[PDB]
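Below you'll find the structure, written out as structure tokens, and then a few comments.
Heavy atoms only: backbone and side chains are in, while hydrogens, waters and symmetry mates are out. Protein chains get the first letters and strands the later ones, always in sequence-line order, with residue 1 at the start of each.
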Amino acid sequence: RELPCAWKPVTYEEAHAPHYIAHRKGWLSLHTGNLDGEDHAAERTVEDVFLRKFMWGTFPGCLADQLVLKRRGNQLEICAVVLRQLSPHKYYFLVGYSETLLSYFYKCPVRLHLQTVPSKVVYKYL
Amino acid sequence: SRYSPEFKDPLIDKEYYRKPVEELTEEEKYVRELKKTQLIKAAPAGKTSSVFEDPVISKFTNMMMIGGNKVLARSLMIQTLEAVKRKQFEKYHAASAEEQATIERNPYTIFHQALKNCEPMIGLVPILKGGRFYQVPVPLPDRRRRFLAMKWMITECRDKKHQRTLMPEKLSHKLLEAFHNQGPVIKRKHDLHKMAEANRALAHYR
Amino acid sequence: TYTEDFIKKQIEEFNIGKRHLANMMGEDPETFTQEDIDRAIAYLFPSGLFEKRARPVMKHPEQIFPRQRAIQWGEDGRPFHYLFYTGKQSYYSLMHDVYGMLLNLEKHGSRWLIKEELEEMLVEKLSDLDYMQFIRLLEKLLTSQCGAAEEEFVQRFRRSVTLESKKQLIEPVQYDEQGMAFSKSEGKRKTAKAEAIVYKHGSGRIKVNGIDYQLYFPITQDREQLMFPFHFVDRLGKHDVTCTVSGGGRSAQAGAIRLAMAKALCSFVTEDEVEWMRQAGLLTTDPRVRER
Amino acid sequence: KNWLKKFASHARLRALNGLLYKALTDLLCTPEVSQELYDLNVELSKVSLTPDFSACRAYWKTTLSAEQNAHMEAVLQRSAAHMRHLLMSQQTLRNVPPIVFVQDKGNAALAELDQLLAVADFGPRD
RNA sequence: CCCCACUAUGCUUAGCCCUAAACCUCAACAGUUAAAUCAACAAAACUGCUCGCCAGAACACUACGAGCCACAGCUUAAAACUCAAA
Ligand SMILES: [K+]
Ligand SMILES: [Mg+2]
Ligand SMILES: [Mg+2]
Ligand SMILES: [Mg+2]
Ligand SMILES: [Mg+2]
Ligand SMILES: [Mg+2]
């Protein structure tokens with residue numbers, strides 16, 4: 001009335017802060033391009049950006065945690081961790097589709113390594 | 001700082017370590033044992049276990065230095081010492097038999113005594129309380145007056161009135177003047193002691 | 001909370017995994033040890049994460065799991081310990097033992113155990129004042145003429161201060177083709193890097209890059225810096241030095257050579273003299289360098 | 001009145017300060033308070049009453065020795081209540097607030113400055 | 001309020017006046033220390049017996065009447081109106 005009367009779960013990657021990237025956390029993407037003397041770092045980063053967007057859009061609400069984008073030679077391993085909510089047939093169809101799409105996208109032998117988990121693996125709570 | 005807080009300053013005193021264990025007190029024994037555990041900083045370029053080392057002259061040389069040119073500062077210091085030595089030898093050769101016993105020829109003794117003769121024990125501290133600045137007498141610490149003597153000597157030797165007289169020659173003359181309680185630096189000490197006696201009624205503001 | 005069944009199962013999985021890892025590495029599972037577990041896990045799963053606890057580990061479940069559950073009374077209800085009803089049976093039993101030893105004696109580098117690890121040993125929470133009382137009793141026991149059982153009993157409650165900084169590495173003494181003994185060492189100051197060889201016997205000749213030291217170092221300050229090590233331990237004119245310095249400037253090179261000569265001279269002096277040099281700052285690398 | 005039970009359980013301001021200063025000096029002139037206080041020869045610089053008359057601060061000149069200063073402080077703090085009682089008993093003031101003995105810090109500066117000006121060289125007849 | 005001066009008065013004699021936080025804020029006598037000692041505080045809790053006094057607050061140490069060496073005095077001492085408190 002009168003004026004005077006008036007007067008969250010987190011996974012391992014989410015839980016740990018960025019200053020543990022080389023102490024506790026790791027690197028999701030692993031490529032030689034960024035090393036000293038190696039070239040094409042920006043190209044690899046652009047590929048990583050698109051690849052993460054396309055995985056998260058091709059597996060909506062399925063990925064339990066972030067991908068791991070490994071590259072050896074011309075190979076491109078997406079080691080992803082997903083849930084057990086979708087039917088296995090849909091997972092197989094999406095794996096085939098995304099593998100072929102990315103292999104013709106980058107002209108390189110892309111591959112997927114889906115790892116299903118029952119639910120989000122919470123590390124702690126913030 | 002690139003040293004961690006654990007690092008301690010080194011002790012360069014050479015005869016301290018040769019002290020017999022029998023002479024060591026329990027406290028001194030304890031601290032000697034304690035230093036074993038501590039980390040010690042690297043000794044800086046400068047002080048050394050040399051028997052000719054003089055911290056006062058080193059500080060004077062550092063205070064004369066300009067732009068980090070330490071070689072030139074030490075050159076000026078040694079030239080001043082040599083000039084004082086030669087002037088005293090010249091005065092000694094021309095003195096009477098009885099007058100040669102009271103003529104000091106050691107440049108280090110002259111330097112130390114000349115600086116000691118210029119040390120002020122009282123100074124002033126500008127303090128504005130009532131809207132007007134008030135200079136109040138305050139007793140000077142030993143380090144403060146040791147610094148002030150050196151600063152006054154160097155500033156007096158840096159005056160532009162001394163045209164083309166090289167720094168070693170001016171500094172030797174000023175040192176020999178202050179050795180005999182003469183010259184403008186002794187007068188600057190006296191004018192501070194007088195101007196602090198003229199305001200002994202302002203000590204109540206402290 | 002981890003039930004005892006859970007820990008039992010984890011022990012089982014650790015044992016089967018131990019035999020599996022032994023099979024994978026080709027070593028004999030019978031003699032396969034925990035150090036072998038650590039090394040094999042490091043090899044199979046490389047990780048340069050600085051935190052050693054963030055790296056892969058396969059430890060025995062006993063060390064990992066903080067599960068504790070101690071029963072203080074049996075099915076009949078009678079407590080096992082005669083000091084149970086005090087609530088601090090372990091602490092008061094220890095105090096009783098200490099007091100009994102003190103009575104017996106009356107008839108006749110390291111640190112004290114800190115409060116938290118005393119609680120860990122007793123497996124009982126205790127306050128500050130009772131810890132102080134226990135430490136006072138231990139000190140009193142030390143003051144008396146402690147016999148054998150007494151001082152190993154006290155040693156149970158004294159940890160080791162492993163921070164002895166007198167750990168300068170004495171360079172091994174080498175021998176040249178002429179049979180002369182010498183020692184080599186390195187040093188660094190700013191961008192200057194020096195390597196010095198000090199001979200056990202000599203006439204005080206220092207050769208810097210094959211040049212006499214008074215010719216290589218015109219400035220007296222550098223020569224005093226080269227003096228400082230030998231003069232500090234009263235052996236001027238008793239050794240020969242052959243040093244090579246590169247990079248940096250006059251003062252940085254002089255400091256690097258001083259450090260190198262001190263570290264090489266540590267070989268021919270006593271341990272007490274090594275410690276005196278360390279306390280004088282003659283054996284420490286100067287970490288001060290230009291800042292961005 | 002069962003004392004057993006009780007024991008167990010501004011121009012005006014300047015005039016009052018002057019009166020209290022005179023009274024306290026007269027009290028310290030004799031062993032009326034105690035012989036230990038009398039032997040100390042305590043001297044007062046001033047008396048200041050707080051603006052709300054909640055405390056009386058008596059500033060006593062300090063000496064150079066520190067042990068004597070500590071002893072003087074102890075005796076004065078132990079004697080303050082007795083001096084308050086004497087002041088009201090003599091009817092110097094009807095009500096005296098609690099007396100707090102404060103060390104006069106200013107006088108030491110002048111003392112040190114005097115001990116230095118004694119030995120100073122000022123120059124030739126100037 | 002502080003300083004100076006000075007009265008009634010404080011003193012004696014002979015009469016009055018009859019009031020005080022005139023209070024140990026405990027009525028006088030006799031008795032007990034056993035019971036749950038005992039609202040609280042004050043000052044440990046009670047018993048027998050007797051006199052005096054009290055029955056919501058305020059109006060009210062008041063009005064009127066009466067008595068008094070008192071005459072702006074003292075003792076005794078109400079009612080009306082009002083309130084849900086005191
Ligand atoms: K009363
Ligand atoms: Mg009375
Ligand atoms: Mg009666
Ligand atoms: Mg009656
Ligand atoms: Mg009534
Ligand atoms: Mg009446």
State the sugar conformation of E:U37 as north or south, using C1'-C2'-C3'-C4' as the deciding torsion. north
Hey, is C:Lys88 close enough to C:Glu124 for a salt bridge, meaning N to O under 4.0 Å? no
With a 6.0 Å cut-off on the ring centroids, do A:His16 and A:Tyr12 count as close? yes
With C1' as the reference atom in both, quote the distance from E:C61 to E:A35 in angstrom, rounded to an integer. 46 Å
When you compare the six-membered rings of E:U37 and E:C38, are they both close enough (centres under 5.5 Å) and flat enough to each other (planes under 30°) to count as stacked? yes
Do B:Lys187 and B:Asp191 sit within salt-bridge range, that is, some charged N less than 4.0 Å from a carboxylate O? yes
Going only by the six-membered rings, do E:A22 and E:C23 fall inside 5.5 Å on centre distance and below 30 degrees on plane angle? no
Adjacent-base stacking, E:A60/E:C61, criteria 5.5 angstrom and 30 degrees: no
Whole-Å gap separating P (E:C2) and CD (D:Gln91): 13 Å
Consecutive-base stack E:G10 to E:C11 per 5.5 Å / 30° rule: no
Write down the distance separating the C1' atoms in E:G31 and E:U50, rounded off to the nearest Å. 15 Å
Taking a positive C1'-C2'-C3'-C4' angle as north and a negative one as south, how is the sugar of E:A60 classified? south
For the pair A:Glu14 and A:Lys8, evaluate side chain to side chain contact (heavy atoms under 4.5 Å, CB included) and give the outcome as yes or no after the intermediate values. CA-CA 11 Å; A:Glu14 294 294 329; A:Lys8 175 255 283 175; 5.9 Å; no
A cation-pi test, strictly: NZ or CZ of C:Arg159 under 6.0 Å from the centre of the six-membered ring of C:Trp112 and no more than 45 degrees from its axis. Yes or no? no
What is the sugar pucker of E:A43, north (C3'-endo side) or south (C2'-endo side), as given by the torsion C1'-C2'-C3'-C4'? south
Can you tell me the distance, in whole Å, between the CG atom of D:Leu13 and the P atom of E:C2? 18 Å
Test side chain to side chain donor-acceptor pair (under 3.5 Å) applied to D:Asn2 - qualifying residues, sequence neighbours left out: none
Sorted by chain and residue number, the salt bridge (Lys or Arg N to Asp or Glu O under 4.0 Å) partners of A:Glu13 (sequence neighbours excluded) come out as A:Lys25
Whether C:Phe65 and C:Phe6 hold their rings parallel, tilted or perpendicular, with breakpoints at 30° and 60°: tilted
Spacing of D:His10 atom NE2 relative to E:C1 atom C1', expressed in whole Å: 11 Å
When the P atoms of E:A45 and E:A63 are compared, how many Å lie between them, rounded to an integer? 43 Å
For residues 61-87 of chain C, pull every pair meeting side chain to side chain donor-acceptor pair (under 3.5 Å), keeping only residues two or more places apart or in separate chains. C:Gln72-C:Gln89
Tabulated below should be each protein N or O lying under 3.5 Å from an N or O of nucleotides 39-42 of chain E; please produce it.
residue	atom	partner	partner atom	Å
E:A42	OP1	D:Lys5	NZ	2.5

Separation of the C1' atoms in E:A79 and E:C71, to the nearest angstrom: 27 Å
Who are the salt bridge (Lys or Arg N to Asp or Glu O under 4.0 Å) partners of C:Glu119, not counting sequence neighbours? C:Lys115
E:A27|E:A28 base stack, centroid gap <5.5 Å, plane angle <30°: yes
May I ask you to classify the sugar pucker of E:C61 as north or south from its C1'-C2'-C3'-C4' sign? north
Using the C1' atom on both, measure E:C46 against E:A22 and round to a whole Å. 31 Å
Dot-bracket for RNA chain E, 5' to 3', counting Watson-Crick or G-U wobble pairs under 3.5 Å, with [ ] for crossing pairs and | for inter-strand pairs? ..........................(.(((((..........))))).).....((.......((((....)))).....))...
For E:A44 versus E:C64, give the span between their P atoms, rounded off to a whole number of Å. 49 Å
Determine the interatomic distance between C1' on E:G67 and the same-named atom on E:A57; round to the nearest Å. 32 Å
Using the six-membered ring of D:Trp3, assess whether NZ or CZ of D:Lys5 lies under 6.0 Å from its centre and within 45 degrees of the ring axis. no
Expect the sugar of E:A72, by the sign of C1'-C2'-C3'-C4' with positive north and negative south, to be south
In whole angstrom, give me the gap between the P atoms of E:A60 and E:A42. 37 Å
